[PDB]
């Protein structure tokens, strides 16, 4: 392995995090009050993880990806039910991104960080999967 593979996977995961946090704005807007705490949970988790990743990249001397002002969603939505499905998809995409950081991270500290993020993503997908 390579520090170049490590950096690319972590930057890819940060780009995913940016997109997911944007996506949770639409999930929030569409979802009923009964899932407000789930949305707030997911947004806080993603924002904190994003911020931490920006710090990890800076320690590496890599300028972190920034968020786009706007994203094309990976599915069309018109429903609270659609919002749950979108949240499931984003958490699953986050898991795939974090699994690649576990594989390519050179240090144990960063591998353990990525494992935590992969595990939170998976747990979050299951929680929204119980919404639909």
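Residue numbers count along the first chain shown, from 1.
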Tertile call for residue 48 (CA temperature factor, within chain, third-based) is the highest
Residue 12: CA temperature factor from the record, placed by chain third, in the middle
Ranked against its chain, the third holding the CA B-factor of residue 108
highest
Please place residue 5 in the lowest, middle or highest third of its chain according to the CA B-factor in the PDB entry.
middle
Using the B-factors in the PDB entry, rank residue 100's C-alpha atom against the chain and give the third, lowest, middle or highest.
lowest
